[PDB]
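Next up: just one chain, as structure tokens, the form deposited in one PDB entry.
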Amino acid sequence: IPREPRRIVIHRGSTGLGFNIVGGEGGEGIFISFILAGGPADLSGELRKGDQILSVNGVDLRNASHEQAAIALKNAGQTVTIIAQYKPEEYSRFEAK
């Protein structure tokens, strides 16, 4: 699985973007914690649980809190560009064992 940043385009559905995010306050990162099967984000493996969302459209989320990121993902439009980077090592600290 590539570890360099990846560009994914999502088309918002009648339920949102099809994934959940985990994070916290500013700086802990925004990570994909769940991807809905058949949802807008289920794109033949292009997005992965454990991806860090580096940005959404023009909005940098590397340093955003969870509350900021949630707001940005909802105001992102019907066509959404996600820059994702696989970092399961960093993500693992958010996921209960």
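Heads up: residue numbers just count along the shown sequence, starting at 1. In this text, rigid core is short for the largest set of C-alphas that superpose within 1.5 Å between two forms. Residues that one form lacks are left out of the comparison.
The form deposited in another entry is left out here; the points below concern that form.
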(request) Select from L36, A70, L54, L43 the only position whose Cα moves 2 Å or more between this form and the one not shown when the core is aligned. (result) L43
(message) After superposing the rigid core, is the C-alpha displacement of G16 2 Å or more between this form and the one not shown?
(response) no
(message) I want to verify one pair: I10 and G26. Are their C-alpha atoms nearer or more distant in the other entry compared with the form I supplied, knowing the change is 3 Å or more?
(response) farther
(message) Quick one: with a 3 Å or larger change, is the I10 to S44 CA distance smaller or larger in the other entry? Answer closer or farther.
(response) closer
(request) Can you list the runs, three or more residues long, in which each C-alpha shifts by 2 Å or more between this form and the one not shown once everything is superposed on the core? (result) 24 to 28, 43 to 45, 93 to 95
